[PDB]
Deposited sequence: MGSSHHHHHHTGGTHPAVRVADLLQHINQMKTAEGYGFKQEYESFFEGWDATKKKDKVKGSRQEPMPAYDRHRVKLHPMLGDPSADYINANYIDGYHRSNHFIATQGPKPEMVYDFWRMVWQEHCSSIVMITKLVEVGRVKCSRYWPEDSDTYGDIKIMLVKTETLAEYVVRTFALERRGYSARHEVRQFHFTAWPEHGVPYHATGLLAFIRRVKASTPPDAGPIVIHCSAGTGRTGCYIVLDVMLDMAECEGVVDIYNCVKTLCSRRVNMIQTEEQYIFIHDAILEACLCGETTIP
């Protein structure tokens, strides 16, 4: 069953009784949608649609493009008319490469797509990069914004949800309703973002959240600590 927002704190504390048994049990209980691209003259990148609260195919989730998949990534962004990309990692976390840079520092061409970085907006916890894409044979630029969350701890969840919730609301505010899917890419962080984005809409519209069934439909949540964090984040968002 779904949980009333006004009962969410009761629910969490019940789920914490008996040394957190409720979360542990519910988490452990967990254990066609491919984005089509036309092949070109010459595998292609594996990406899947995920439904949102208000619309089908609200997200495309992909394992962040390896260097050989960078062109297919930008082709997909182009084909799908995606204007918001979400990334929830540093490129390097504690000296280990986690994502390879798939975007130009100024300008570059990937296959038949020319990409220009036209703005960088840097904040304490995230960066917004604006790109213009030009494609051979096409007369107009396609604009894409990358929302890059940099504040996620390398060792686990954020201690406070405040910053990630601010980031999620920025992406929500910046993505116009006629947009294509939000491409979320490059651990379980992607699943947390997806579940929060959907549940924040559900709480606003219905006054209820159904995290369990949202995660079960679901990129999967990698830790019990992440499963708990999703509840703590919705709790913080549901104040006032």
Check: deposited residues absent from the model (no CA) fall at 1 to 15, 47 to 70, 82 to 85, 230 to 232, 265 to 269, 292 to 297
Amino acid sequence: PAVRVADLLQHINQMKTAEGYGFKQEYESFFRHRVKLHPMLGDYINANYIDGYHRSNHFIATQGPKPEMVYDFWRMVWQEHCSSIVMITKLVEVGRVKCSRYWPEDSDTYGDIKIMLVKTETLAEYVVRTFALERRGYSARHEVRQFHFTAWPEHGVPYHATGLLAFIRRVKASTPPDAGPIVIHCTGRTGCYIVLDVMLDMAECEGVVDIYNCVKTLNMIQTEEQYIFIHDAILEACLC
From here on, numbers count along this sequence of modelled residues.
Mean B factor on CA atoms, stretches 89 to 97 and 76 to 84, record says higher is 89 to 97
Assert higher mean C-alpha B factor (122 to 130 or 98 to 106, deposited values) equals 98 to 106
Listed options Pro67, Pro181, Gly52, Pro39: highest C-alpha B factor recorded at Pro67
Among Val198, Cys205, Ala47, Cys192, highest Cα B-factor in the entry goes to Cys205
Assert third(CA B-factor, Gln63) within chain per record equals highest
Chain thirds by Cα B factor, record data; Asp112 belongs to the middle
Among the modelled residues of its chain, the C-alpha B-factor of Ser56 falls in the third labelled lowest
Temperature factor at the Cα of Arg169, chain-ranked in thirds, falls in the middle
Temperature factor at the Cα of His11, chain-ranked in thirds, falls in the middle
